[PDB]
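In the order they appear, the protein sequences are chains A, B, C and D.
Residue 287 in the deposited numbering is what sits at position 17 of the first sequence, and the numbering runs on without skipping anything.
Residue 457 in the deposited numbering is what sits at position 40 of the second sequence, and the numbering runs on without skipping anything.
Residue 268 in the deposited numbering is what sits at position 47 of the third sequence, and the numbering runs on without skipping anything.
Residue 1229 in the deposited numbering is what sits at position 30 of the fourth sequence, and the numbering runs on without skipping anything.
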Amino acid sequence: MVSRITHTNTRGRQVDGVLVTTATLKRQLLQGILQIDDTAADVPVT
Amino acid sequence: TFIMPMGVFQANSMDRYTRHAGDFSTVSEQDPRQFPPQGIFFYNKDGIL
Amino acid sequence: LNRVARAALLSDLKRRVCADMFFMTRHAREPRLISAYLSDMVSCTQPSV
Amino acid sequence: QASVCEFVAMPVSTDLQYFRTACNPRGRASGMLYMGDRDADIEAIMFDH
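Take a look at the structure:
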């Protein structure tokens, strides 16, 4: 528990998690379910 | 594991029960459709038993 | 790929060609599926120089 | 254009449930798709009984 490298969305906010592999389900509920929005970014380079 | 039985004929005589009718027996007079089971016609991948 | 991998890499070829044969005139009533395999078609060839 | 139908002889007490998929008219399937370790495997597949 503290905040040095813990990302956010885009007005003040720390993070906690992961996952890893490949191809057919995540971009597999776009031809099915999810949403979309916007145009910003940030995270330390140290 | 899933595990596949294949040989008996129950010597019941307990649980007669049913779902279908008088639509049915085989062609002629007397009604034996009492086959229990012998071994197995089964499929494969994509069309074929 | 080895005998099995070849084997129904082959056989899935068989199913797919039996199923996804006339997709534009079979699944005409579902606009969603059309874009569902079109993106597959475009994202299955490797780009060039 | 009328299409010709060719007849092949076969036993009467032949499996009938053999003909409700993509089967092979020869009665024993073959094909070049069938190897992986040796080269003279196409002949024994198609004819070795």
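Every residue gets a Cβ at the ideal spot worked out from N, C-alpha and C, and that includes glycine.
Cα-Cα separation between residue i and residue j, rounded to whole angstroms
| i | j | result |
| --- | --- | --- |
| residue 287 of chain A | residue 427 of chain B | 57 Å |
| residue 298 of chain A | residue 250 of chain C | 21 Å |
| residue 296 of chain A | residue 1236 of chain D | 39 Å |
| residue 453 of chain B | residue 423 of chain B | 11 Å |
| residue 445 of chain B | residue 455 of chain B | 24 Å |
| residue 241 of chain C | residue 1241 of chain D | 29 Å |
| residue 1223 of chain D | residue 270 of chain C | 44 Å |
| residue 290 of chain A | residue 314 of chain A | 22 Å |
| residue 438 of chain B | residue 466 of chain B | 29 Å |
| residue 275 of chain A | residue 282 of chain A | 13 Å |
| residue 459 of chain B | residue 246 of chain C | 33 Å |
| residue 1201 of chain D | residue 418 of chain B | 54 Å |
| residue 316 of chain A | residue 226 of chain C | 46 Å |
| residue 421 of chain B | residue 431 of chain B | 23 Å |
| residue 307 of chain A | residue 292 of chain A | 23 Å |
| residue 450 of chain B | residue 1203 of chain D | 43 Å |
| residue 425 of chain B | residue 434 of chain B | 19 Å |
Cβ separation of residue i and residue j, assumed to be a contact under 8 Å, to the nearest whole Å
| i | j | result |
| --- | --- | --- |
| residue 198 of chain C | residue 463 of chain B | Outside the shown range of chain C (222 to 270) lies residue 198 of chain C, about which nothing can therefore be said. |
| residue 253 of chain C | residue 305 of chain A | About 17 Å; that fails the 8 Å criterion. |
| residue 222 of chain C | residue 1232 of chain D | Not quite, the Cβ-Cβ distance comes to about 13 Å (not below 8 Å), so this is no contact. |
| residue 1243 of chain D | residue 239 of chain C | With 8 Å as the limit, residue 1243 of chain D and residue 239 of chain C do not qualify as a contact, their Cβ atoms being about 28 Å apart. |
Nonlocal neighbours in the same chain, by C-beta distance under 7 Å from residue i, ignoring five residues either side
| i | result |
| --- | --- |
| residue 273 of chain A | 284 |
| residue 1245 of chain D | 1229 |
| residue 1207 of chain D | 1224 |
| residue 310 of chain A | 280 |
| residue 244 of chain C | 258 |
Contacts around residue i, its chain only, beta-carbon distance under 6 Å, and the 5 residues preceding and following it disregarded
| i | result |
| --- | --- |
| residue 448 of chain B | 442 |
| residue 1227 of chain D | none |
| residue 1215 of chain D | none |
Beta-carbon contacts of residue i that lie in its chain and below 8 Å, excluding the five residues immediately before and after
| i | result |
| --- | --- |
| residue 278 of chain A | 284, 285 and 312 |
| residue 457 of chain B | 423 |
| residue 256 of chain C | none |
Selection of the segment 299 to 314 of chain A by Cβ proximity to chain C, strictly under 8 Å:
301
Anything in the segment 1221 to 1234 of chain D with a Cβ closer than 8 Å to a Cβ of chain C? List those residues in chain order, please.
1221 and 1232
Using a Cβ-Cβ cut-off of less than 8 Å, give me the residues of the segment 231 to 253 of chain C that come near chain D, in sequence order.
231, 235 and 239
Beta carbons nearer than 8 Å to chain D: which residues of the segment 453 to 465 of chain B have them?
458, 463, 464 and 465
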